[PDB]
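Chains as they are written, first to last, in PDB author numbering: chain A, 56 to 159; chain B, 846 to 945; chain C, 697 to 796; chain D, 7 to 47, 60 to 144; chain E, 7 to 153; chain F, 16 to 101; chain G, 353 to 402. For each residue, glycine too, the CB sits at the ideal point set by N, CA and C. I have placed the structure first, in the form of structure tokens, so that the comments after it can refer back to it.
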Amino acid sequence: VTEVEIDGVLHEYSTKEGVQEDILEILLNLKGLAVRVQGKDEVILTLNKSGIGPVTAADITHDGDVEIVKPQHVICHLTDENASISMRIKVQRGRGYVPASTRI
Amino acid sequence: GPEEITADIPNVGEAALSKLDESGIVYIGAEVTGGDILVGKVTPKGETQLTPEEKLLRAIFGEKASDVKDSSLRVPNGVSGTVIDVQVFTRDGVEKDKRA
Amino acid sequence: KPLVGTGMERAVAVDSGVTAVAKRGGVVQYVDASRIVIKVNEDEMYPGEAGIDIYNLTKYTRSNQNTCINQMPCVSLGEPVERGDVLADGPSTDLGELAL
Amino acid sequence: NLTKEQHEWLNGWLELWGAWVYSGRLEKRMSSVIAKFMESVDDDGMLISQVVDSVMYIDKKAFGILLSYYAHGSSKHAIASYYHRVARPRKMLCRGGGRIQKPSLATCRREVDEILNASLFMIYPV
Amino acid sequence: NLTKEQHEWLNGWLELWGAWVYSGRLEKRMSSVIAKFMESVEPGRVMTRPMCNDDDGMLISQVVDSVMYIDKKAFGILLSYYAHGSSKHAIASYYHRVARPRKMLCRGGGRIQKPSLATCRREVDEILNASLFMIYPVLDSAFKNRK
Amino acid sequence: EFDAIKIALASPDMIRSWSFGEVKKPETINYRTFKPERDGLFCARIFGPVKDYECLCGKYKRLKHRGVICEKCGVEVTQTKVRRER
Amino acid sequence: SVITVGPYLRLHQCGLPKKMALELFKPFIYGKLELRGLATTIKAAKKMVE
Ligand SMILES: [Zn+2]
Numbered sequence: 056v057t058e059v060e061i062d063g064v065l066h067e068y069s070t071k072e073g074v075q076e077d078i079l080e081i082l083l084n085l086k087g088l089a090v091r092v093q094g095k096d097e098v099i100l101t102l103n104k105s106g107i108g109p110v111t112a113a114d115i116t117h118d119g120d121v122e123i124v125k126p127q128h129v130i131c132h133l134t135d136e137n138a139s140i141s142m143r144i145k146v147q148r149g150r151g152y153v154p155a156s157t158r159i
Numbered sequence: 846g847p848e849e850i851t852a853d854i855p856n857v858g859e860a861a862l863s864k865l866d867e868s869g870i871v872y873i874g875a876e877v878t879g880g881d882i883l884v885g886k887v888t889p890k891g892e893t894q895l896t897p898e899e900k901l902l903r904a905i906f907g908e909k910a911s912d913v914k915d916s917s918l919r920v921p922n923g924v925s926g927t928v929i930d931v932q933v934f935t936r937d938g939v940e941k942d943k944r945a
Numbered sequence: 697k698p699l700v701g702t703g704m705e706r707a708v709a710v711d712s713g714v715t716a717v718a719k720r721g722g723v724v725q726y727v728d729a730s731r732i733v734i735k736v737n738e739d740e741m742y743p744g745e746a747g748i749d750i751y752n753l754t755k756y757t758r759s760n761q762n763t764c765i766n767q768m769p770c771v772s773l774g775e776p777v778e779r780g781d782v783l784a785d786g787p788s789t790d791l792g793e794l795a796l
Numbered sequence: 007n008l009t010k011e012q013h014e015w016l017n018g019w020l021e022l023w024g025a026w027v028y029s030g031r032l033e034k035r036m037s038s039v040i041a042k043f044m045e046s047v060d061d062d063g064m065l066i067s068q069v070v071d072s073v074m075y076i077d078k079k080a081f082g083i084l085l086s087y088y089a090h091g092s093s094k095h096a097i098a099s100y101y102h103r104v105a106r107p108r109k110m111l112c113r114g115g116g117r118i119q120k121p122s123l124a125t126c127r128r129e130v131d132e133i134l135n136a137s138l139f140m141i142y143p144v
Numbered sequence: 007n008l009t010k011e012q013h014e015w016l017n018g019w020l021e022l023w024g025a026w027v028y029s030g031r032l033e034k035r036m037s038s039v040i041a042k043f044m045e046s047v048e049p050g051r052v053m054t055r056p057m058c059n060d061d062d063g064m065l066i067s068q069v070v071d072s073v074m075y076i077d078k079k080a081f082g083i084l085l086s087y088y089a090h091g092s093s094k095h096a097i098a099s100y101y102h103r104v105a106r107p108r109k110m111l112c113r114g115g116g117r118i119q120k121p122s123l124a125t126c127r128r129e130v131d132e133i134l135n136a137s138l139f140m141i142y143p144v145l146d147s148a149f150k151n152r153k
Numbered sequence: 016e017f018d019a020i021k022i023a024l025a026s027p028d029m030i031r032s033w034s035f036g037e038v039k040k041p042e043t044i045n046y047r048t049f050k051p052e053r054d055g056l057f058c059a060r061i062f063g064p065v066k067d068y069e070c071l072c073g074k075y076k077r078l079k080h081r082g083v084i085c086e087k088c089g090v091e092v093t094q095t096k097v098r099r100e101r
Numbered sequence: 353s354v355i356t357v358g359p360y361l362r363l364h365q366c367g368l369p370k371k372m373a374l375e376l377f378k379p380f381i382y383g384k385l386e387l388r389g390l391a392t393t394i395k396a397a398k399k400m401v402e
């Protein structure tokens with residue numbers, strides 16, 4: 056995973072009404088998210104999920120070239136009857152350990 | 846005279862001006878580095894506030910004059926990070942600003 | 697949590713009020729990241745003024761030493777709680793246990 | 007250039023003229039600039067007001083300055099003071115040089131003096 | 007020779023430039039009272055010459071270095087004119103004092119003298135008149151090159 | 016430049032030789048405006064230019080006037096370093 | 353600042369961090385930077401070392 060743009064959120068150090076988790080725990084859960092891509096070198100993934108329950112790996116809008124490997128990997132729990140998340144997950148190739156500060 | 850808070854400044858580039866609001870205040874969440882400008886504060890050095898002879902001749906000539914200085918709150922050197930909150934306290938009887 | 701504990705971690709975790717403890721025994725109604733809502737059980741419910749318990753968690757705020765103090769929900773929804781039990785893991789607290 | 011008897015003569019005429027107008031005894035129809043000055047507060063004053071409005075109709079800035087000096091009764095030094103306050107940078111072949119900057123106070127004093135002398139000079143035969 | 011508008015526009019950039027570099031003066035003076043003496047008075051002569059940002063001043067510093075690196079005399083009088091803000095006649099005096107009786111041979115005859123102060127003016131003037139004309143199309147593209 | 020350090024007890028007229036004036040008034044600054052006063056503690060005309068080559072009233076504003084005292088308060092134009100030791 | 357080891361050094365030398373070096377030797381940077389002519393005037397070198 057490279058970077059995530061969740062919708063109604065200014066920045067990582069705040070919350071979102073409708074989820075039990077903080078933003079920070081969510082994207083650290085996404086740091087462990089594994090996926091397989093074939094035809095590209097970068098790709099943007101998208102999830103849209105409402106309703107009470109856990110947010111699994113299944114709720115992304117999958118394609119034919121991308122492939123999640125662990126469908127059970129949880130992200131968060133929606134707690135509201137009517138709330139949703141809509142992030143866009145940018146994913147690219149790479150090699151090694153790259154912190155966020157050393158870029159550009 | 847008083848001092849002002851707005852995004853009007855003398856003589857810095859548009860780089861720091863990119864990251865303020867219309868009121869002169871950084872948005873919540875704009876990541877900044879050291880030396881960046883958080884709030885553009887200026888002083889009117891040379892403000893008049895004179896007799897109605899003045900305000901007469903201001904109505905005659907226009908209001909062009911009495912604008913100088915700057916004391917913007919700048920980020921300390923070497924530190925960086927992310928804005929998460931802005932607090933504004935306002936003395937009573939003073940006009941509150943838009944972001945406030 | 698630490699593996700080699702010393703048994704005191706419940707006590708110092710509770711008595712430090714940086715965690716938020718259920719004042720009455722109840723059942724969780726509504727979990728949120730910011731607030732938390734408890735249905736009060738009937739026995740501990742006062743006859744007049746039935747009511748429910750609403751606790752508001754402390755989010756990111758500046759400590760005395762410039763560090764992050766923050767509280768997290770450690771409970772699920774639809775769940776019996778006990779009077780005098782942990783609900784919010786505060787900073788360096790885990791599941792009611794103190795853990796540096 | 008005018009003479010000094012003309013200076014004192016028409017000077018006294020502008021003194022009773024501005025003292026007449028500034029009381030508010032003049033109508034909007036003489037000028038919208040006279041009306042502008044009356045927004046900022060007998061046949062002798064109306065005859066001379068036709069004269070002065072006729073000659074100084076075309077500039078309106080030194081006409082307003084003329085009202086400031088005679089109608090209101092302001093000192094020359096304050097007028098050049100505020101005029102130095104409203105100054106813009108200009109090209110002048112200075113004692114310093116042809117660089118482009120805001121002029122000095124004494125220059126502004128000179129300009130009020132010469133716009134005074136030219137103003138009175140253009141008024142006088144009319 | 008250059009034109010009138012070019013002289014204006016380039017002239018404004020250069021006074022912003024030498025104003026900017028003049029702020030990198032080694033040391034001033036002041037005191038510990040005078041600032042307190044200063045904020046509650048109106049001074050009069052605002053000596054605060056305005057300057058550009060660091061991007062423009064650095065950029066046109068690279069421009070002026072990029073052409074004017076070949077003559078250090080013309081560069082020096084350039085900094086005299088915009089940096090210190092001194093007049094042409096003033097550096098005609100400074101320069102005329104130490105112009106050095108280099109035995110320049112005039113149309114009068116063989117002579118052992120400074121060229122005159124009447125000479126040294128048009129000496130100075132032909133330098134920067136050519137110099138701005140040299141650097142102008144470079145700089146005018148240079149703002150466009152960033153653009 | 017200089018050899019040994021010598022001390023001695025102080026004669027009175029030696030102390031008169033050291034001074035440039037007598038302090039007389041127990042104020043130091045204006046507090047209303049921010050000026051130093053006539054013959055108070057922080058004095059100009061005893062101790063010198065609080066500004067730099069410039070008078071208190073600002074009579075001699077340039078380096079050309081160097082050498083002559085003022086007249087609206089009577090201060091000699093020098094550096095502001097000189098108020099460190101007079 | 354705070355010491356640490358780095359045993360790979362020989363003993364006639366010590367480690368030093370790049371930030372503290374770039375702060376401590378600023379007038380030398382000005383001097384040789386003027387010498388090479390990478391920037392003519394001083395304030396140019398000020399913004400180059402900044
Ligand atoms: Zn004086």
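Determine the direct distance from the alpha carbon of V931 (chain B) to that of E738 (chain C), and round the result to whole angstroms.
Between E738 (chain C) and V931 (chain B), the C-alpha separation is close to 43 Å.
Helix, strand or coil for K145 (chain A)? Go by DSSP, reduced to three states.
DSSP places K145 (chain A) in strand when its eight states are reduced to three.
For a contact meaning CB atoms closer than 8 Å, what does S93 (chain E) contact in chain D?
The answer, in chain order, is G114, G115.
Check the C-beta distance from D942 (chain B) over to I850 (chain B) and give it rounded, since I have them as a contact under 8 Å.
Correct: roughly 7 Å between the Cβ atoms.
Put residue 665 (chain C) into one of helix, strand or coil per three-state DSSP.
Nothing about residue 665 (chain C) can be read from this structure; chain C reaches only from 697 to 796.
What does a CB cutoff of less than 7 Å around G874 (chain B) pick up in its chain, not counting 5 residues either side in sequence?
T927, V928, listed in sequence order.
Closer than 7 Å by beta-carbon distance: list the chain J residues that pair up with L65 (chain A), in chain order.
Protein chains A, B, C, D, E, F and G are contained in the structure displayed, whereas chain J is not.
Span of the beta strand (DSSP E) holding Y101 (chain E)?
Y101 (chain E) -> not in any beta strand (DSSP E); alpha helix (DSSP H) instead, spanning 94 to 103.
Less than 8 Å between the CB atoms is what I'm expecting for residue 30 (chain A) and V124 (chain A), so what's the real figure, rounded?
Nothing about residue 30 (chain A) can be read from this structure; chain A reaches only from 56 to 159.
Does any residue of chain E have a CB that is nearer than 8 Å to the CB of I394 (chain G)?
Chain E contact via Cβ: present.
Within 10 Å of its beta-carbon, does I732 (chain C) have 16 or more other beta-carbons around it, so buried, or fewer, so exposed?
Classification for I732 (chain C): buried.
Considering only heavy atoms of ligand 1, list every residue whose Cβ is less than 6 Å from one of them, following chain order.
Listed along the chain, these residues meet the criterion: F:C70, F:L71, F:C72, F:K74, F:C85, F:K87, F:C88.
So the candidates are A:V121, A:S141, A:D96; which of them puts its Cα closest to the Cα of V64 (chain A)?
With distances taken between Cα atoms, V64 (chain A) lies closest to A:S141.
Just to confirm my understanding: we take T93 (chain F), look at its own chain, exclude 5 residues before and 5 after, and list those with CB closer than 7 Å. What are they?
For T93 (chain F), where only same-chain residues beyond five positions count, the Cβ hits under 7 Å are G63, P64.
For my contact list, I144 (chain A) and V74 (chain A) are in at a C-beta cut-off of 8 Å; report their separation, rounded to the angstrom.
That belief does not hold up - the Cβ atoms of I144 (chain A) and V74 (chain A) are roughly 16 Å apart, past 8 Å.
Nearest to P379 (chain G) by alpha carbon, out of G:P369, G:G367, G:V401?
The shortest C-alpha separation from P379 (chain G) is found at G:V401.
For residue 170 (chain A), I'd like the list of residues in its chain whose CB is within less than 6 Å of its CB, leaving aside the five on either flank, ordered along the chain.
Because chain A in this structure spans residues 56 to 159, residue 170 (chain A) falls outside the shown range and cannot be described.
Could you tell me whether the Cβ of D62 (chain A) comes closer than 8 Å to any Cβ of chain C?
Closer than 8 Å: no.
Using only CA atoms, which one of E:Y101, E:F43, E:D61 lies nearest to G858 (chain B)?
Nearest of E:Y101, E:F43, E:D61 to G858 (chain B), Cα basis: E:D61.
Run through the region 93 to 143 of chain A for me and flag every whole beta strand (DSSP E) of 3 or more residues, listed as ranges in chain order.
Those beta strand (DSSP E) runs which fall completely within the region 93 to 143 of chain A and span 3+ residues are 97 to 105, 108 to 110, 121 to 123, 131 to 133.
Quick one: which chain B residues come within Cβ less than 7 Å of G82 (chain D)?
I905, listed in chain order.
Just how far apart, CA to CA, sit residue 411 (chain G) and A391 (chain G)?
Since the first residue shown for chain G is 353 and the last is 402, residue 411 (chain G) is missing from the structure and cannot be characterised.
Can you say whether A716 (chain C) is buried or exposed, counting buried as having 16 or more other CB atoms within 10 angstroms of its CB?
Result: buried.
Any C-beta of chain C sitting closer than 8 Å to the C-beta of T111 (chain A)?
So, not an interface residue.
Which residues in the same chain as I81 (chain A) place their Cβ atom closer than 7 Å to its Cβ, once the five residues preceding and following it in sequence are excluded?
The answer, listed in chain order, is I130, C131.
Relative to the alpha-carbon of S137 (chain D), which residue among D:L85, D:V27, D:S99, D:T125 has its alpha-carbon at the smallest distance?
Closest option to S137 (chain D), Cα to Cα, is D:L85.
Can you look up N151 (chain E) in the DSSP assignment and give me helix, strand or coil?
Looking at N151 (chain E) - three-state DSSP - the assignment turns out to be helix.
I need the straight-line Cα distance from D71 (chain E) to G879 (chain B), nearest angstrom please.
About 29 Å.
I think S917 (chain B) touches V871 (chain B), with their Cβ atoms under 8 Å apart; what is that distance to the nearest whole Å?
Not a contact, Cβ separation roughly 11 Å.
Closest by CA to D120 (chain A), which one among A:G94, A:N103, A:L83, A:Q127?
Per the Cα distances, A:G94.
Taking 8 Å as the threshold (C-beta atoms), are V90 (chain F) and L71 (chain F) in contact?
Yes.
Measuring straight from C-alpha to C-alpha, what distance separates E97 (chain A) and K86 (chain A)?
C-alpha separation (whole angstroms): 16 Å.
Between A729 (chain C) and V777 (chain C), which are expected to be in contact by the criterion C-beta below 8 Å, what is the C-beta distance as a whole number of angstroms?
Not really, about 18 Å apart at Cβ, beyond 8 Å.
Cβ of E892 (chain B) within 8 Å of Cβ of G846 (chain B)?
The answer is yes: Cβ separation under 8 Å.
Determine the direct distance from the alpha carbon of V130 (chain D) to that of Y75 (chain D), and round the result to whole angstroms.
Straight-line Cα distance between these residues: approximately 18 Å.
Which residues, in order along the region 127 to 152 of chain E, keep a beta-carbon less than 8 Å from a beta-carbon of chain G?
Within the region 127 to 152 of chain E, no residue qualifies.
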